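A.B. asks:
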Amino acid sequence: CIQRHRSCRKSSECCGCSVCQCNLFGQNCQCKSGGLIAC
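Just so it is clear: in the sequence shown, position 4 is 4 by PDB author numbering, and no numbers are missing.
1) Going by alpha carbons, who is nearest to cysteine 29 out of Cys15, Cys1, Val19?
2) Check the C-beta distance from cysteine 22 over to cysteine 1 and give it rounded, since I have them as a contact under 8 angstroms.
3) Counting along the chain, where does the beta strand (DSSP E) carrying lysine 32 start and finish?
4) Return the CA-CA distance between residue 84 and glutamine 27, expressed in angstroms with no decimal places.
5) Could you name the residues of the same chain whose beta carbon sits closer than 7 angstroms to that of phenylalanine 25, not counting the 5 residues immediately before and after it, in chain order?
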């Protein structure tokens, strides 16, 4: 799966309670943390 620190196409494409978002230019969508202890 896509780590919470690698480019992705959708927040769903990320193991654990991680999400994916782009920059101000709606580009460079990178995965991020969400809540390992409490989602």
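Virtual Cβ for every residue (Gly too), placed ideally from N, Cα, C.
C.D. replies: To lay it out plainly:
1) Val19
2) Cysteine 22 to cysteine 1, Cβ: 19 angstroms. No contact.
3) 30-32
4) Because residue 84 is not part of the residues shown, which for the chain are 1 to 39, the question remains open.
5) none
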